[PDB]
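This report concerns only the one structure given below.
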Amino acid sequence: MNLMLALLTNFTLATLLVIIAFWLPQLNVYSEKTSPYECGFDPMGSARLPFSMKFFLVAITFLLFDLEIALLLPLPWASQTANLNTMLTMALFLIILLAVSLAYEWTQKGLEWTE
Amino acid sequence: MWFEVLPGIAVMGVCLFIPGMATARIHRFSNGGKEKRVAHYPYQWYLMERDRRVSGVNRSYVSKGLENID
Amino acid sequence: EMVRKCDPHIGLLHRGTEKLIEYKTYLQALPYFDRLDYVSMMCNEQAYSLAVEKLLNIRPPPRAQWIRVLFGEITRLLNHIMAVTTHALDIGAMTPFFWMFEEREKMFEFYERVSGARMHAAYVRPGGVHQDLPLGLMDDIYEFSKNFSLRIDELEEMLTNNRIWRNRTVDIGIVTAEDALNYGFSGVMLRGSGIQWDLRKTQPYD
Amino acid sequence: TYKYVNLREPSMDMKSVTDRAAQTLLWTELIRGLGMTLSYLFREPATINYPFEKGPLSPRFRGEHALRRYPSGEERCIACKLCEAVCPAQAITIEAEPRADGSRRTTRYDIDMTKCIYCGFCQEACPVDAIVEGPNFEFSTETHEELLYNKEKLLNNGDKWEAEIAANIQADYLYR
Amino acid sequence: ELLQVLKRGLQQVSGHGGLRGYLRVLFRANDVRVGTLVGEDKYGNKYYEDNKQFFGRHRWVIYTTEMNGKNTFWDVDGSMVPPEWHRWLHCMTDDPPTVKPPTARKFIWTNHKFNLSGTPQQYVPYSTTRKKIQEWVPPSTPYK
Amino acid sequence: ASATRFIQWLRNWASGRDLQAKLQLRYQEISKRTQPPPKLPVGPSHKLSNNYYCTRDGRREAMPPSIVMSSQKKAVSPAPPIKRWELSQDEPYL
Amino acid sequence: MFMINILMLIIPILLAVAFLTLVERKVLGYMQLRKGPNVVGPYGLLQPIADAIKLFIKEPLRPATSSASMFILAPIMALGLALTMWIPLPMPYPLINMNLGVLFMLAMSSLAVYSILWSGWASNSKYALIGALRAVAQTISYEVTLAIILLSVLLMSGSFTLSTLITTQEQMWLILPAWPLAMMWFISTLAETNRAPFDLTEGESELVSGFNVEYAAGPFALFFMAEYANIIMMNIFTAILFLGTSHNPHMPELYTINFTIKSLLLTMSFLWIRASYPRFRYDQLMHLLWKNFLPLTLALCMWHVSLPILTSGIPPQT
Amino acid sequence: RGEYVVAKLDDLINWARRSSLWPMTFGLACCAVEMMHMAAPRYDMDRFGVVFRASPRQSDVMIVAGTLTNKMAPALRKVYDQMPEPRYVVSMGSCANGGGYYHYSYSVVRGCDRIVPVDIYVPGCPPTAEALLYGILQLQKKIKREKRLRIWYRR
Amino acid sequence: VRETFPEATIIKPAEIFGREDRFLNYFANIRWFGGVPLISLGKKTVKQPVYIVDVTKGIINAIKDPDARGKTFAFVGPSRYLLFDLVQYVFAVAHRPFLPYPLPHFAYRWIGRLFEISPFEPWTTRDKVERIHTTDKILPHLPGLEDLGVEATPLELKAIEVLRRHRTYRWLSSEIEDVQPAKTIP
Ligand SMILES: CCCCCCCCCCCCCCCCCC(=O)OC[C@H](COP(=O)(O)OCCN)OC(=O)CCCCCCCCCCCCCCCCC
Ligand SMILES: CCCCCCCCCCCCO[C@@H]1O[C@H](CO)[C@@H](O[C@H]2O[C@H](CO)[C@@H](O)[C@H](O)[C@H]2O)[C@H](O)[C@H]1O
Ligand code: SF4
Ligand code: SF4
Ligand code: SF4
């Protein structure tokens, strides 16, 4: 209950500050004020248009590498096993293979952003 | 002069001191003058729940000694 | 974030300077040149003064010429501080801007003491300069100069060998010597690519 | 003569290659840059305490305009219109006629301080030191109209600032 | 040397007439340096110097709390400095008006005035010339 | 100028320089703000004789352009080729 | 008695954050040969209050093209999650004692990214969109390295409990056996908190204001407050990790004094670093982490798995 | 007493607004250089609480520092309109004040008060950095005189 | 005013619509409460709203015209609408869902007093509720805008000018031709 109370308090206070911010100041709304910002001139096209991703390949790799940390996080507990010969081999095997994939993606130019 | 920056650092320091001091003192106050019990593992919780029953006042931090044996 | 086309739209500071000058005498047109490259005010004045002197077939006296070179190089310091520190500021290095504009502040004092204006002096005119140096001004310029090279070193300690600065600047905006010439570049935009050209050396004035 | 700013061949001996390896891994040149901003932290700053302290100026300073008098209190301005002719910005407007006595004096003398470029050509052109740019630079206003000075405002400026103005002319007139 | 530093700091409280005067300047001028009094003008402003401070901070004014019927304890501005001290304060000269007084003229303002913009006594522009064309005035009697 | 010894050593060590000898804030080394009056020289045309303006009139010596060809042998260049620059003995390599 | 404890946590955090803004302005000021705030209150002590009041009586703006719900949600989430990062911190006792307190912070830090992503997207503006996508790139750059660095350090601590890091460092700071990890960690927290030279999502000189260009008044303040609260929190996290303070159970306030000093000094270095360097280009940030930190972090993770086993110094599970 | 309370509350909000003035990072020509000098160490505008911020959404003051052309006029109005309120404008220098030395130009707006309302006019070409700092302090005292809540009370 | 200043020109406008009006903006801002309450569904009310610029030009032309002295003018728009159609048109131009529902005068007069508690500018008052539902008079004896050389501008040509900012992003760009004009009354 302590944790849920702490979470409820944190976000409640944040919500309260937003409510004050929106209801305490004097408002003066008109079209030109609320138009989108782009350094003084009207935007050319919508901001919902596609925005090219030049690191698309790294982003996909991040998925595969982010799952490795889930597989490596239990290692402090795995070090308590009596069967230390097996864990050390398998712990090192996993990391080496993670290093191998990085070396493969690096050498094949997967880390370089497209043009 | 650079030492005119210290008053802001001192005020920031006192603010950052309060959470650590408040939590320590509140824990003593709420647990009868002792550190709040840490129960990371089920065994420690089991002993706590036993102390809650053994206390006689439903408070795990009220501890009974040899005066409770006959 | 890859740039495919840069289309600079300028003229947002077009003030028809060249049409206004046609309604001014030659003296009245001089202050317009302070306000062109408004970081190199006296250098702009000198370019105009040389041109009018050439059409008049007169020659400024040697002391005026020496004052012009002196304040031309002082002006180059004002410009290069602004050019380098605002460039560094844009790249995220904000601190050198502050250290060096206190030097720029000291150089506006030289401007103000000879002309009474910190920036748009209108001091260099066809025929020489407007007024002579006030007594004790060259002593102060010497005091300023004796310490400036140390300020440049402090700038260099922040940028020159900074791997972050080098990453942001090395191999960026490469221009070949052939392209720089045909594109009408001049000054450091030529000498950066190895072209050995400087009008102070090749076509000297004053 | 010319010099090369960046045309170096780095040493390839083991010591030099290790010195660069330590620099890359230990960030030695980045730490050197921290030392320089640390050294500024402990310097006395250059800030002055405005408006209690003021930035230094010289007698030549070109500030707010004023119309001056002779010691007798007569206006120096004789409506010659040389300042109006030379004004690069056409900021001066003058009308004149014979005063009730025979004197040649202005009836209008305006300076549009929002046209003026504070160039000082008017005080250079004046043959009698009537129009000057004074030492005052703290006259910002809340309205535009307050910067369109007529002859009354400029004569008041001269009466207000003459004590300082005369001393500044005294310091500089031998350079003119 | 640290103790010497702290003694200079404590000497500033005494140099400002006790902790009240010390707090007065600290809150009015945001500075507590003690300088040599150079003089005072008729409006109450006080002028100080300290030639061991770097150029720019070696002179300063502590503005009067009241000038020309206006409460200036918190509200001060540079336009309150009269012309005679204006020259000294901006380092256009080395001599204060106490040592080198200005030349006295009958027409010079005896009472300096600060910036009056935004007040009932602000400047309002107008044309200083008279009407240029006189219009005919019809006769005041009928005759037609 | 008022920094204590320890702070002077600390900031000198941090920057690698001797900062005290080249302080960026100005003190008493700068000129007085009141100076003796000047007495400026006069130019060469300040003469009472042998000074007729027609003999020192730059504007009236300017002539209209010389017409080389109007639409009414060895090859040449606009000028001799530029002499090659030399490396500085001061410091050829920065 | 727990709600009082919660308030004795949130309220000091917000006040510490407010006066961190003053300290940053002063420290940058003096490192730039100027003074910084010294008029609003004595030594500029009231400057933070004036900024806070000013911002909350400023008109807030909802852009005409913005997605209203996510536009309002995003600043709330930023500040709410910023305060949630403090509840497991042992100073020396945590508000919430967690078995996996280290992992809880990784989860909450990852969730805080979406406050950048959704504020920038919800604005429906091009500079806000560019800033948001820089947040995607910057998260892809550092998190994989950041979690593996924690894993290497915890192989000496023995658990994900934050209070166990105190026990681990009773004889010595962990910065000695793991200074190579401490360096890469310290740089990672700069990128984690979007701090210079990795201040790329806001990237002022390139994107005007980046992800929060359309935010004004109170909503803007929340992002500012969240950003500075994470500066302090992640330097406290660094102090616990690598500069462990000895804990005397009968005088816990001595711990909080020494612990606070270390965290302040670490927080000053963030200001010191901001005053000293230019900004990375955001593709160069990715290559810094993936081509330099990651190869070395992977190697050191192997080393810190083996080293306790080969030296017979495996920490206790409890 | 309501009169006493609203009087004090004006002091509070007025003090906050004048003590935390954030000018838009906005400059047009020569006069922007003197504005940069006001941020520089000698004057250090930041010591007054005056902080430049690029976004109009996070700005309180527009300092029009330089010549306004006809081509730039819509852009200046756009970024002024996008400032949340309360907002103030400082006109800096002859060009912005009334056109200055390009007053008769075909491409120049004869004063930025044709486009935006102006609170303070700072004279000079350019005004010295100290003259601008005087103008900013004059704006602070103007804000200090605001009577928003007193006027609301008596409505 | 007529006795005190017999040469006064008195001008009697209908509701004035424009960017800063409390008329079209008033109806559009009811969306914050969900449905739109109208007395008797707004079927027993007729409005003849007039454009702000038309009123302004009428005032300016009255200053210069010497015939305007001692006269009384009625400034009305070119078309008359039922209140239901007018409010429906407002929501069509703003692309907001329109959910009208009857609310009796006593109940809706009770909502007005509720909002009157505001110490600031009330969102609505009982007086406003009555005025909105008052049918706009027809006064043929009085001169109108045409007697001052002004062509009354139709509502349909300027509503989008006022109501575009009340649209969501999805509908901001909709053009003036998307919404059918409301039914008028000959
Ligand atoms: C006996 C067996 C023992 C086994 C273990 C032995 C191993 C010991 C030696 C291992 C190496 C230790 C250092 C490892 C840290 C990572 C070093 C590194 O990667 O830095 C290089 C990186 C790349 O930059 P660059 O030079 O441009 O590229 C190189 C070629 N591509 O460049 C950078 O990262 C620069 C980062 C720029 C941003 C820096 C901003 C802050 C600078 C100040 C930080 C000070 C550090 C303080 C740390 C606080 C600690 C809590
Ligand atoms: C088990 C943990 C420790 C194992 C380390 C695992 C990571 C290994 C990293 C990959 C090593 C080989 O893969 C990589 O190939 C390229 C060739 O395109 C090499 O070289 C290339 O990249 C480097 C850096 O980008 C460039 O300076 C160089 O111009 C280019 O030739 C890299 O220097 C090498 O790192
Ligand atoms: S200073 Fe120059 S622009 Fe101003 S009035 Fe005099 S001559 Fe004209
Ligand atoms: S001020 Fe001087 S130059 Fe101008 S009209 Fe008068 S006398 Fe002539
Ligand atoms: S007022 Fe003067 S300095 Fe300023 S922009 Fe115009 S010409 Fe340049």
Side-chain angles (χ1 to χ4, degrees), chain A residues 1-8 10 65-81 87 91 94, chain B residues 23 27 35-46 48, chain G residues 2 6 9 80-114 139 142-169 174 178 181 185 188-189 192 230 233-234 236-242 244 247 297 301 304-305 308 314-318:
Chain A
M1 268 285 267
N2 276 27
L3 170 60
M4 290 179 286
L5 263 171
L7 295 186
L8 179 66
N10 288 341
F65 284 23
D66 208 31
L67 268 294
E68 276 266 12
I69 60 159
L71 288 176
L72 296 171
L73 278 168
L75 276 170
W77 295 327
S79 302
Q80 312 298 335
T81 190
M87 62 79 70
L94 258 188
Chain B
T23 299
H27 279 180
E35 283 182 349
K36 181 187 190 173
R37 195 94 65 83
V38 178
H40 291 317
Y41 297 104
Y43 172 68
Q44 288 153 330
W45 176 257
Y46 181 95
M48 267 180 79
Chain G
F2 180 70
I6 286 162
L9 178 56
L81 287 169
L83 299 167
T84 300
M85 296 292 274
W86 291 66
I87 63 183
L89 292 175
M91 317 190 273
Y93 305 113
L95 185 84
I96 303 289
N97 218 329
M98 304 173 150
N99 261 308
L100 315 174
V102 166
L103 296 184
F104 171 82
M105 294 179 87
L106 286 179
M108 289 310 104
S109 168
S110 288
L111 179 58
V113 175
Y114 286 91
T139 315
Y142 77 78
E143 292 180 353
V144 173
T145 298
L146 189 148
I148 298 173
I149 285 160
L150 282 167
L151 174 51
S152 308
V153 184
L154 295 179
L155 283 158
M156 294 182 286
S157 183
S159 78
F160 300 95
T161 316
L162 284 160
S163 293
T164 301
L165 280 160
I166 289 159
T167 304
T168 307
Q169 294 164 88
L174 266 166
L181 299 169
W185 167 265
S188 302
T189 60
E192 197 279 320
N230 297 330
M233 174 272 300
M234 277 286 184
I236 278 160
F237 193 12
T238 293
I240 289 157
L241 274 168
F242 293 108
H247 179 198
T297 285
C301 187
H304 281 287
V305 165
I314 297 164
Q317 184 178 182
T318 305

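All chains are named by letter (A, B, ...) in the order of the sequence lines, taking the proteins before the strands, and each is independently numbered beginning at 1. Atom set for the values below is all heavy atoms of this structure, side chains included, hydrogens, waters and symmetry mates excluded.
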Mind checking side chain to side chain donor-acceptor pair (under 3.5 Å) for G:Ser163 and listing every partner two or more places apart, or none if nothing turns up? none
Can you list every pair that meets side-chain hydrogen bond (donor to acceptor under 3.5 Å, both in side chains) and has a residue in residues 103-113 of chain G, with sequence neighbours left out? G:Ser109-G:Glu192, G:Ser110-G:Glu143
How about A:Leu73 and G:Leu154: do any of their side-chain heavy atoms sit closer than 4.5 Å? no
Do you know the tightest heavy-atom contact between G:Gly244 and G:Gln169? N-OE1, 2.8 Å
For the student: nearest non-hydrogen atoms of A:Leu5 and G:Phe2, plus distance: CB-CE2, 4.2 Å
Is any side-chain heavy atom of B:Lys36 less than 4.5 Å from a side-chain heavy atom of G:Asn97? no
Which of these, G:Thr189, G:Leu174, G:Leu150, sits in a side chain to side chain contact (heavy atoms under 4.5 Å, CB included) with G:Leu241? G:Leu150
Can you confirm whether G:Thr161 sits close enough to B:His40 that some side-chain heavy atom of one is under 4.5 Å from a side-chain heavy atom of the other? yes
Residues that G:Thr238 engages under side chain to side chain donor-acceptor pair (under 3.5 Å), provided they are two or more places apart: G:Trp185
Return the minimal non-hydrogen interatomic distance between G:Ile240 and G:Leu162, and the atom names on each side. CG2-O, 4.1 Å
Spacing of G:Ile96 atom CD1 and A:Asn2 atom CG [to the nearest 0.5 Å]: 4.5 Å
Residues that G:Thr84 engages under side-chain contact (heavy atoms from CB on, under 4.5 Å), provided they are two or more places apart: A:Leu7, A:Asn10, A:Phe11, G:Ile87, G:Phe104, G:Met108
Donor-acceptor under 3.5 Å (A:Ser79 side chain, A:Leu75 main chain): yes
Sequence-distant partners of B:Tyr41, side-chain contact (heavy atoms from CB on, under 4.5 Å), two or more places apart: B:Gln44, G:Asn99, G:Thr318
With sequence neighbours excluded, what pairs up with B:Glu35 under the side-chain contact (heavy atoms from CB on, under 4.5 Å) test? B:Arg28, G:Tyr93, G:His247, G:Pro249
More than 12 foreign heavy atoms under 6.0 Å from OH of G:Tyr114: is that the case here? no
With a 3.5 Å distance limit and no angle check, can you tell me whether G:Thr164 reaches the backbone of G:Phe160 through a side-chain donor-acceptor pair? no
Sorted by chain and residue number, the side-chain contact (heavy atoms from CB on, under 4.5 Å) partners of G:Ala112 (sequence neighbours excluded) come out as G:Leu81
Test side chain to side chain donor-acceptor pair (under 3.5 Å) applied to G:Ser188 - qualifying residues, sequence neighbours left out: none
Flag side-chain contact, heavy atom, 4.5 Å: G:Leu151 against G:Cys301: yes
Who are the side chain to side chain donor-acceptor pair (under 3.5 Å) partners of G:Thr297, not counting sequence neighbours? none
For G:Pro308 and G:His304, the nearest pair of non-hydrogen atoms, with its separation, is CD-O, 3.0 Å
Nearest heavy-atom contact between G:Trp86 and G:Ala82 is CD1-O, 3.1 Å
Looking only at heavy atoms, which two atoms of A:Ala6 and G:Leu95 are closest? And how far apart? CB-CD2, 4.4 Å
Check ring pair (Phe, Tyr, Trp, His ring centres under 6.0 Å) between B:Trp45 and all other residues, then give those that pass, not counting sequence neighbours. none
I'd like to check B:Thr23 versus G:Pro94 (side-chain heavy atoms, cut-off strictly below 4.5 Å). Are they in contact? no
Give, for atom CG of A:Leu72 and atom CD1 of A:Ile69, the distance between the pair rounded to the nearest 0.5 Å. 8.5 Å
